[PDB]
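S.K.: There's a structure below that I have some questions on.
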Amino acid sequence: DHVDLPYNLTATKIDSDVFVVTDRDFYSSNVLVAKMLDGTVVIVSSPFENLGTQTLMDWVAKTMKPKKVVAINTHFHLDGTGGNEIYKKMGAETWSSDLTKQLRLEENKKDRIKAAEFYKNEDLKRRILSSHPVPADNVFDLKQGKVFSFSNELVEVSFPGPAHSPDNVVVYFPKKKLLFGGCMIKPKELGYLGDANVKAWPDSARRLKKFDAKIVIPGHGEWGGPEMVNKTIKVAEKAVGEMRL
Ligand SMILES: [Zn+2]
């Protein structure tokens, strides 16, 4: 039910065949790992970089013996796209919205530009550009979302509107009534606002109530029930009020 892994990762069982894998160095960041009845393992979000992702994938190999792996990017930030390089190297099928891929490409370019203006050390410069994440191989139109069927078992990817980021999506598992809300679930404080649409956040979070969720999993920290959505709306609304948005 709970294991300590190398690289300060943990894996915690939350339901039959469903685990949350967490990086304790990176503010208790959450990755969902769910095994379908047909042997498919679905991974939602990612660790920030290659060593974390490879550790995760090795744990999946040893404990889940997947017939196939499908990874779904929640948004363009590193906790979302940081695993794509390693997922792909392992032959996993990586998915995101079109907008997520677009913003990841834009962000890489912005960074390459800044690296050009800044770095005098040529050895270092190559190492940072080399550290860039890649987008997913497979893409869906953000607003229509995507429904996977794994031998009749459904996994729904859905855009409730912009919140933590312009492209943030959630993943719902209707059989187990499990919602991975990721970084748009913020029960106490909103965190990083650089890419956020705080004005839209209350409405976007309200849309998550359309899911009959028994468990809601956030991008960081403990999960909970449907009340995780309620708490997020109050948090977002407080921020809208404070910031006059
Ligand atoms: Zn983020």
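S.K.: Looking at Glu156, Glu93, which one is free of Cβ contacts under 8 Å to residues at least 40 places away in the same chain, within 17 Å of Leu32 (Cβ to Cβ) and touching a strand residue (DSSP E or B) at 6+ places or on another chain (Cβ under 9 Å)?
M.R.: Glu156
S.K.: Give the number of residues within the range 173-214 that are more than 12 Å from the ligand (Cβ to nearest atom), in contact with a helix residue (DSSP H, G or I) (Cβ under 9 Å, 6 or more places away or on another chain) and part of a strand (DSSP E or B).
M.R.: Qualifying residue count, the range 173-214: 2.
S.K.: Considering only the range 53-93, state which residues are of a type in the set (A, V, I, L, M, F, W, C), within 16 Å of the ligand (Cβ to nearest atom) and buried (at least 24 other Cβ atoms within 10 Å of the Cβ).
M.R.: Those that are of a type in the set (A, V, I, L, M, F, W, C), within 16 Å of the ligand (Cβ to nearest atom) and buried (at least 24 other Cβ atoms within 10 Å of the Cβ): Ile72, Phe76.
S.K.: Are there any pairs with C-beta distances below 8 angstrom linking a residue in the range 220-241 that is among the small types (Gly, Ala, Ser) to a residue that is crowded, with 19+ Cβ neighbours inside 10 Å and part of a helix (DSSP H, G or I), with the two at least 6 apart or on different chains, and if so which?
M.R.: From residues that are among the small types (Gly, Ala, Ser), the pairs are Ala236/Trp201; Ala236/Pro202; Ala236/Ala205; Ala239/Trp201.
S.K.: Next question. Tell me yes or no: at least one residue of the range 145-159 is in contact with a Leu (Cβ under 6 Å, 6 or more places away or on another chain) and either closer than 18 Å to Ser204 by Cα or among the hydroxyl-bearing types (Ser, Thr, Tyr) (or both).
M.R.: Yes - at least one qualifying residue is present in the range 145-159.
Every number in this text was worked out from the coordinates using simple rules, so none of it is lab data. Positions of Cβ are generated from backbone atoms using ideal geometry, with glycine treated the same way; all protein chains shown enter the neighbour counts.
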